[PDB]
Each structure stands twice: as C-alpha cells, then as structure tokens.
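Scroll down for the structure; my scribbles are underneath it.
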Amino acid sequence: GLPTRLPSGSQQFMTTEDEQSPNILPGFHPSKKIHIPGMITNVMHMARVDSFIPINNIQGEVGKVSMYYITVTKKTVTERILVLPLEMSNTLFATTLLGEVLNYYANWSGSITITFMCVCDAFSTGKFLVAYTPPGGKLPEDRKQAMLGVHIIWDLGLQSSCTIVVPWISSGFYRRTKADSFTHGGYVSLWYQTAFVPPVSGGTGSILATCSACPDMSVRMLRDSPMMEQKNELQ
Amino acid sequence: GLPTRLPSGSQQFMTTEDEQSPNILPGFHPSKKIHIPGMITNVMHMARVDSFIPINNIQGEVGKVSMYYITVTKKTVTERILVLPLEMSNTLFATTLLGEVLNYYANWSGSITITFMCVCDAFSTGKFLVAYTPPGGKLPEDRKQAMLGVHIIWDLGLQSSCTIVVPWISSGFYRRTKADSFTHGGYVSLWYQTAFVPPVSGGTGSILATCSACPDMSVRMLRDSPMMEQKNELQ
Amino acid sequence: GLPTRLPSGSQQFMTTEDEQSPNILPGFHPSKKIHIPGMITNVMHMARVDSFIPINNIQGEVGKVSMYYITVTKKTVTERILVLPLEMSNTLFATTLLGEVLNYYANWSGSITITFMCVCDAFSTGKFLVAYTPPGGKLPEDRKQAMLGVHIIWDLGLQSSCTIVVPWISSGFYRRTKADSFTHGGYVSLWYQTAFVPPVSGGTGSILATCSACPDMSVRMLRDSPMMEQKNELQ
Amino acid sequence: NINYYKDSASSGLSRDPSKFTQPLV
Amino acid sequence: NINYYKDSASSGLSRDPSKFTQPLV
Amino acid sequence: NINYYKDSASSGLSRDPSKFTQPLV
Amino acid sequence: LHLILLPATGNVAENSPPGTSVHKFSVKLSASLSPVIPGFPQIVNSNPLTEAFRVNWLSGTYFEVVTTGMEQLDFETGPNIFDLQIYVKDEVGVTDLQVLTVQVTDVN
Amino acid sequence: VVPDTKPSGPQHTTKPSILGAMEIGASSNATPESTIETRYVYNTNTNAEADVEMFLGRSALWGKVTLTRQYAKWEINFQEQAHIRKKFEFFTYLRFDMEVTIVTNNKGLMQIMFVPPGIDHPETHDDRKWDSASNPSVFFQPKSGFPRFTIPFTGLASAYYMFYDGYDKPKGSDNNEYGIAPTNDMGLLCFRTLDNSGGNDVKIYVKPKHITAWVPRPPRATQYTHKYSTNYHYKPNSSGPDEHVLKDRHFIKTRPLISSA
Ligand SMILES: [Ca+2]
Ligand SMILES: [Ca+2]
C-alpha cells in the first residue's frame, strides 16, 4: 500500500489537542438554535466588566458585605487610606471578574481600570489622590513619594465615581499572574489630596472600588485556577 | 480503507529527524519579536572571528594569561620559535572559536587564517618567517627546510600584525577533525627570518597569535564535542 | 481521520524491497563526484570480458598456472583433446568472469563466446575442429559424431586465436545455472582436424581458452553464489 | 480542511463587548 | 509542504558575517 | 514518485560496455 | 639542546627572602646525552639590568631561578618586571637561549 | 555554498592584502589568493549543517527523572545536562519553540501533565490535582509509541535569557537571585503511571525548533558545577581536610615543549 510512517506523538492522547472524532448517534438532528439574549464569545468580555474589589479584606470583615468598602473621615494630616498591590494573584483582584478570569491564564498584558466610588451624603466633598507606583518602585508611604508616579486627583460632587487607568508599564511583554519580584505590577495607593470634609464633625464616607480590563488587555497560557479547590467527593 | 504500509523506520524515534508535532497550548500567542542587535544564523560566522591561540600551553602557563604569548629575543642563529600542528583536535586550535566550532563536526575543509601579533615597544623591529608545511611533510627543524613550503615573511613596524593564510592543501575533499596520520593537516612553524632586534641588549617582544576560518571553509557530520565533559550531576 | 487499512505485508522487513528511509545526519553535504575512469553500470559488462577457462583442472595442476593450458602434439589418429561441458556451475566456467557473474543468477539465456589460443612457435601450424554438441545429444567420442553439431574449423598461422560462438539452442527460454539433465547446455569439444604439426618431431603447442558472453546474453533471479564460503569468523 | 467523518458534530473546534460593560439605552 | 496540525509552532525545522569579523565604522 | 522525507539520500533505489572488451586506440 | 618550560613567567613576592624560588625549569639533552657544562645555564642579560636571580641546580637535570638577595625587590619603586634570558650550553656545545619573564607582586 | 577559489598569478603590490592589525577588533579579509598562487576550484561545499537550526535542532536530552512511587516531577530546563547547555551558552538570547519527546522504559499507561507556571503541581500520584480542567495533559501507553508535543515560545520577552547579569529584586533585598533563574520558567512536567508493570526511568528529549540566536558568546572552557549559576570552581571533597580547595576542570591540554610539536 501507500508508504506511511507513524512518528512520535501519533498514538498519544493529549487533552488540549484538536482532532475529529466519530459521531456516535448518526442521523441525530439537534434541537434548533434560537436567539437567546446575551451571547458571550470571549471570556475577556467578562473580564472587562467593572467588579467590586474587596478592599477591606481584614480578618473580621471577610464573610460580610462590609469588606467591599473602607470608611474615610476628616483628618488633619494626609494618611495613606488604601493600598491595592497590582497582583492578579492577590485576593483583592483575584476574587473579582477581571481577576478570576486572569487567574486562569499564566500571563497577562494590558491596562487595568480601577474605579473608586464614595458613598456619602450630598454635602460631603473631598479630594483624593489615587497613585499608581510603577514596577520596581517601593510603596510610597508619603504623598510626595506617591505623586511622582501615575496618579489622578478626583474631586467629590455631582458624581461619585472616578477611574484611574493603571497603564501597562512593564519591561517584558507579558506579566505573570502569580506575582513574583521579577514581574511585579506595582502598587495602587489611595491618599487624601486635601481632606474628606463631611457636613458634620464626625461624619464619614464609604469608599468602594471596582476593577476591570482595558480593551488592550490580553492573556495567554491557559492553566488551572488557584481560585478553586476540591477536597471532598461531590455525591 | 485506503491501503497503507508501515515500512521499517516508521515507529522509530530518531533524535536528528525532522517531524511535525502536535502543539500543546493551542491558541498561544507568543511575545513579539523585536530587533535585537547581533543576530547569528550560522555558527561558522562565530568560527570566522579571530581568536587567540594559546601558543604557550606548557605545564606552568596554563591557567594563566601568559599562555597566549611567547617571548622572543635577539639571537645570533635562526631558531624555530613556535610550532602549531594544523589539527583541530590539538589543544592549540580546539580551545579557540574556530576550533571549538570545528570540534563539533567530524570533518572540515577549507583554509585557516593565522595572524601573529608582536607586542613590543615602537623601536623593536624584526623579520619572521611563518611557514606552513603541507601534509605528508616532516616538521622542518631547519629554516631551509621550512622555506620550501607555504611561507610568508613579515617585517615589524607601524603595524604589529601579519596573517598567514594556511591554504587548503589535501588529497581528500574533507579533513578529519580528530587528527590522524592519514588526513593530517601539516604544521605551521614560526622562524626568525633575520632576527628580533630590540632597542636594548636584553630587550624582548611578546608574540601572540589568533586563528580564524577563511570564507571557503566548510564543515559536516555534526557530532559531540570532546571539549565538554560531565562527571557529576548538576543540582 | 482518513480510513486506512494495513493489509498483509505491511509491517514486514523484506531485504530485497525498495523503500524510503529517514536520513540520519540531515544537512550532510557529501563530497563531490569527480570523473574516475572506468565506471561500470551493469555486471554483465564484467561478464562480457574474455577470461581464461582453467581447462586443465586436474588434481595436480590446480593451484598452478599450468591449469590454464593443455599440451598438444603431432598424432596420427584424431583424438578428442578437450571437453568443456556447457555448465555455469562446472568449475571450468564458474571460476571465470562470465561464470562467476552468472553463478549469482539462477537462470541465464544467451550465447557463449569461447576463444581458443595456441601458444607455440611461429612455425607450428595445425587445424582444429571445435564442436558444440547441442542439448540432448551425447558427448561425441568420434569426430564424425562431433562434426554433426555446431562446429568451426580453425587454421593456425599469423594469428593464434579463434572464437566459437556457442549459440543459444534451448527448449525453454532460460537455462538453469546449476546444471541438471532437464536444461543441460550441451558440450564443447576440441578435436584435431588435420593434426598439429610442429617444426620438430617432439614439438608441442599450448592451447588456452577464454570465455565471455555474447551481447544477447541475459540473467535473472539473483541468488547467493556457490563460489563463496564462510566457515570461520573474520576478526 | 477535510471532514473525515461526513458529519457536522464530528468536526474539531470551531471559531462585541457592548452587550455588557455598556447595556444602556 | 503540508502543515498537518494547522499551527505555526507545530511545523518542522525552518530555514551576513560582517556584524562580526568587521564591526567597524 | 514522491520524496516523503525531502532529502536526496532518503530516496529508494535509483536507475556502454566498450570501456572494457575493446579498450583499444 | 632545549630549555624545557622556558618561554614562561615567574612570580616573586615583593619583600622576598634571599633564596626564594621564582621558576623551576629543565633541559632536554639533545638526544646525544652530552651533559651541561657545570657553569651553565647562566643568565647572560636581563631586560633593565638585574642581579639577584641566580640560577640554581636542583637534584638532576632540573634547575631553578633563585633570588640571591644581592638586589632587593621593592615593588613600591621600580622596576617590577624583568626579562632574564637563560643560556644552557652542553659539552659538545649547542646553545639555547630562552627568556624567563619575572614579575614582582605587591605584598600589602 | 562556499565561494570558489579564484585564480591568482604572481603579484607585486604596494597595498599588502596580508599585513593587517589585530588591534582594530576586526578579523582578516585574507583569502588564499593573497598569500599564494591559486587555481580555480569549483567549491560545491555547504555549511548547511552548521546553521543554528541544524546546530541546535537535534533533540538533546534535557532531563532525566525516576518514578519513585508512580510519580516523577521535572521542571523544564536545559541546565542539568552539560552538552546541550554548552551549545545553548554559545549564544546569549535564544528564541525557540521546543518539541518534547518522552522516552520511558515503563510498560503500562502513563500521564504527563504540563503544569504552567503559577499553580500547584500534583505532589504525588493519586492526588486531586491530576484531575484538572485546563492544565494540558498527555495520556499515552509507552509501548506502541513515544509521546511528543510542541511547547511554543513562552518567554515574557523577545527571547530566552541564556545569561542574565541582573537580579529580580532591588538593592536592599536579601533573597536576591542572580542569573536566569527568575527571568523565565518553562513550567514543569508531572509524570505518573496508572499501571505498575514496567520500569521507572523517564528521559525527556527536547528539540529546539524555529531557533533565532541573538548574541554570540565564547564556548565554555570549563565544566559546569551547578545550574542557573555559571560557576566553574568545582569543590570536589566536602568531608576530608582538603575541603576548601577548588579544582578548575578545564580542557586546555599541555604540550611538553613549544616549537617541537
Ligand atoms: Ca612594600
Ligand atoms: Ca606594596
């Protein structure tokens, strides 16, 4: 017959390969495909939706709704209010939509949107500095050290939300999802720019945060997720 | 189905064969290819670079920088100063760039460039005869027996270097890398043509040597290198 | 995938089959092909060269040069001088070039040239009858029974050689190399036609013989040769 | 691109964000 | 020259000296 | 006549008497 | 005659004692087995000029260059590199002149 | 092919094509037409076994493992075997897809799991992390076939670092890592057997293909001591009181006398 050869990798079952397979049940006509609203073709479109960062994950607030906001007040001196380390393996990001999509992939490359919303009354105003320290830089611990990075300064009035675009600043072309020191993403820090001034002396505001992906965000090397375990058998 | 046959050499794993293999991780987009300076496509371009011959490999000078030069002086009679046997398995050539490329290949065919440089002061002059004895000839041990071969005579002044092109003189079409008596390459010998005359009585000069490949040099039969060992396990 | 079948004779290693095989050492450039004089493309061209028949293989002359000639003399009555049975397995033919080529093949078909040369002085003359008895006929033992077959009559003078073309006379289309009674080739016999008359009374002549193939000679069924043995191991 | 089994289910793997991220009127 | 796996990485082996040996100005 | 290995050495078997039998001038 | 291991480099410490070692060499005896003249091998010349390198005779046909201490090696001043030339010469007489480049290290 | 030899007669020139200068850092242009009187020679010779795709694309052994209790684990690196490591350390940057052939003498049913970086590998056979939804896994029987799969260029850069003169952490850090250890990890391969029958030896033969070599380096003239480390002072004996001596392990052989070889 026709001379053939079976090189290495012929009688192997790779799971992630693409092969054709003999149709069991031939002549089977499937049920018809109707227009169901909301069809998703790419899981990055799930990753691009704003999803709340659990910015108050401390050991009392986890398991409660009050882990999604921090409480701000009128202070005299500028304090660092909140630090989000730009890691997709950190539990701040990895429990969101963006992070639980990006935790399936070993690498990621793109820009992050982080949108802060202050829930307070209509008379509380305030200015906050939201700074992104690029990779290789220390966590600032001073506003003069934080304003030297990628920052925005947002006022409070008539709209509660403001978005900092954490840009893609990296040496390599892709950043690792499980954060190491070689490809660390940097830090996002929230500061008081001028204060938070409520209409009373002991008044408060509640700052939330959401994160999503920019359109230029890409992922590769699909892997297992560390955001799923199985220790017992599901029966 | 279609009649096929599996002849001998079908279910075999040859290492040096060329086959296609199923891509694990499909849909993987590699990182982009940027212009990095210095791209090398052929290891002969590494072999064609001048690299210093350790011409003083004696049992004290190996392990030191002073194995790359010999010391010349003012003599009355002509002495054979240096002999390089034209072997790519000899430790003179096999530790250079040309020799450590050509030691990967069982055969080689072409011409050698050997460039001698005398490091001395600007007043030391001298004439040297650099002779290449072709294969089949004895090592000369007289300048009258050495000048009958492929030689050059170089003066010393205003430029310290001179190149002898060891031409491709051989019976066969390829010469063996591990030198035997059937395909020996001959010898290169350095002689005093007239002297080495320094500006003092006991003055000296330091002759180095580099070797490279000519453009018409070819190699074949890629094999293991004898210039690499592994006796312990790298952990 | 594409439906294939592996019929009988697929995973078999036949020695005399013609298959392609994966090139070990890829990228190997062989040494160039020069014009070497005498290139032989067909071993029948070796078989078509005149080669001496050992016509005196008796138990004293084998191992000596004197097995290639017989000695003739002046006789009164006609004697049968020499018989060559037309067998390629007979040691007369099988040690020649024609016979040691044809002993590799189980069948042969064609005509034989047999050339007799008389080495004697320039005054010895003689006429000989060289008869070929066709297959099925008895060995003649009389010149009147031998002249009824394919014969030639050659005189001796100014040229010592004469060729009898043993023609292809056979029932079948091919004759077996190992001679049997079904496909025997017949006999070639040398007779005195008139005498051998030397310039002295006890003078002699030395008749040699060579054999070769005619251009219309063919062979088939390549087999082992019985003209080669191996009883010890070559170390 | 050959279909070795002559069936649509027997093949290999086959090949806008704004319904999410901006579902406004 | 057929690509049996429809991928660029899945293929076989693919196919000037003067940046060295003369890197002058 | 296909060359399945894309090499000249990898192929199968390839394909005047008068230099002998008459080497005269 | 040949001087074994001489085209070579020796090394002396800075404040070296009189009698220290600075290179060990040999001589192959030219396949006639004619021995060395007992005053030889010598040091004919040095590169700047120098004493205190005297060639000594070890046990056999092996020799050694030894600082005799007639001149002190002082690296903080000069000179720090010498090129002595060693002159073996045998009984029939076929000389061989070979250079020993002697450096001076810095003891600090 | 290589250039042919051009014919050259006797020449009396005033610009010497054989007096050069080593100091300029450029190699010679000297052909045999400069020194002697040559003839024309048709040179059909090629260096097609010397280009990087044929020099490196050969399927060298990268790592060996032994199944202890139906389980082996190998992190993908060209660093355990010195003969492929020398050929890779001819160059500084290498961009290559790699095909991975597994030669095991086990008889039965084996599983390879290419664990990508950033997740926990299965720590044993019968572990729960062998049951994975997205980790690419290869099941095969070692009788009737060797498994083979191409891992493409997973680099985080335009090329792999064969040498890295840097550190992964800033200056004040203490667990700093010199070399190419943090710059790239090619995942790991986790081996297990679902049968028990045959042997335990697993050999991993990795062939670099689509190779692009970027900066040439000197070939190494010493034996390796560790991996990811580029050291070469071998410390042979740790126990005995010659402990702090360090062999060199180079390949420069000595000759008894210059101008006599
Ligand atoms: Ca001092
Ligand atoms: Ca000092």
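Protein chains in written order, with the authors' numbering: chain B, 1 to 235; chain B', 1 to 235; chain B'', 1 to 235; chain D, 28 to 42, 48 to 57; chain D', 28 to 42, 48 to 57; chain D'', 28 to 42, 48 to 57; chain U, 20 to 127; chain A, 19 to 279. A prime marks a further copy of an entry chain.
We put the CB at the ideal spot given by N, CA and C, even for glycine.
{"Item": "Heavy atom of ligand 2 within 7 Å of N75/U beta-carbon", "Value": "no"}
{"Item": "Nonlocal neighbours in the same chain, by C-beta distance under 6 Å from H184/B'', ignoring five residues either side", "Value": "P135"}
{"Item": "beta-carbon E79/B near ligand 2 non-hydrogen atom, thresh 7 Å", "Value": "no"}
{"Item": "Check: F182/B C-beta below 7 Å from any heavy atom of ligand 1", "Value": "no"}
{"Item": "Distance between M221/B'' and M221/B' (C-alpha atoms, nearest Å)", "Value": "38 Å"}
{"Item": "Contiguous beta strand (DSSP E) assignments of at least 3 residues, all confined to the region 102 to 157 of chain B''", "Value": "105 to 109, 112 to 119, 125 to 133, 150 to 155"}
{"Item": "Distance between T15/B and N23/B (C-alpha atoms, nearest Å)", "Value": "18 Å"}
{"Item": "Residues, ordered as in the chain, of the region 50 to 82 of chain U that lie near chain B' by beta-carbon distance below 7 Å", "Value": "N64, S65, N66"}
{"Item": "Three-state secondary structure assigned by DSSP to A94/B", "Value": "helix"}
{"Item": "Candidates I34/B'', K75/B'', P3/B'', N107/B'', of which the one nearest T177/B'' by Cα", "Value": "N107/B''"}
{"Item": "Continuous beta strand (DSSP E) stretch holding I102/A: start and end", "Value": "Segment 100 to 106 is the alpha helix (DSSP H) holding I102/A; no beta strand (DSSP E) there."}
{"Item": "Per-residue DSSP class, three states only, for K227/A", "Value": "strand"}
{"Item": "For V59/A, the residue or residues it bridges with in DSSP", "Value": "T23/A"}
{"Item": "Residues that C162/B' bridges to, as DSSP identifies them", "Value": "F116/B'"}
{"Item": "Contact check, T86/U vs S45/U, beta carbons under 8 Å", "Value": "no"}
{"Item": "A213/B versus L98/B: straight-line alpha-carbon distance, rounded", "Value": "6 Å"}
{"Item": "Top-ranked residue by Cα proximity to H42/U, from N127/U, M89/U, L25/U", "Value": "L25/U"}
{"Item": "Any chain D' beta carbon closer than 8 Å to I276/A", "Value": "no"}
{"Item": "Selected residue, minimal CA-CA separation from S171/B, among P200/A, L174/A, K189/A", "Value": "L174/A"}
{"Item": "Proximity test, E117/A beta-carbon vs ligand 2 heavy atom, cut-off 7 Å", "Value": "no"}
{"Item": "Own chain partners of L82/B'' with C-beta closer than 8 Å, once the 5 adjacent residues on each side are dropped", "Value": "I55, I70, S189, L190, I207, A209"}
{"Item": "C-beta atoms of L212/A and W92/A nearer than 8 Å", "Value": "no"}
{"Item": "Span of the beta strand (DSSP E) around residue 11/U", "Value": "Chain U is shown from 20 up to 127; residue 11/U falls before or after that span and cannot be answered."}
{"Item": "Lining residues of ligand 2 - beta-carbon closer than 7 Å to any non-hydrogen atom, in sequence order", "Value": "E33/U, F94/U, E95/U, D125/U, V126/U, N127/U"}
{"Item": "Reference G203/B''; option with closest CA among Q193/B'', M39/B'', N57/B'', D121/B''", "Value": "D121/B''"}
{"Item": "One or two residues paired with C208/A in a DSSP bridge", "Value": "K91/A, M131/A"}
{"Item": "Cα-Cα separation between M39/B' and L40/D', rounded to whole angstroms", "Value": "18 Å"}
{"Item": "Chain B'' within 8 Å of residue 321/B, Cβ atoms only", "Value": "As shown, chain B starts at 1 and ends at 235. That puts residue 321/B outside it, with no answer to give."}
{"Item": "Reference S37/D'; option with closest CA among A44/A, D186/A, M40/A, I169/A", "Value": "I169/A"}
{"Item": "Separation of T115/B'' from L56/D'', as counted between CA atoms", "Value": "19 Å"}
{"Item": "Chain-ordered chain D'' contacts of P22/B'' [CB-CB under 7 Å]", "Value": "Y32, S37"}
{"Item": "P3/B' in three-state terms, based on DSSP", "Value": "strand"}
{"Item": "Under 8 Å between C-beta atoms of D216/B' and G110/B'", "Value": "yes"}
{"Item": "Cα-Cα separation between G9/B' and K104/A, rounded to whole angstroms", "Value": "31 Å"}
{"Item": "Bounding residues of the alpha helix (DSSP H) (the contiguous stretch that carries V70/A)", "Value": "70 to 74"}
{"Item": "Contact set between the region 73 to 105 of chain B' and chain D', restricted to residues whose Cβ is under 8 Å from the partner", "Value": "none"}
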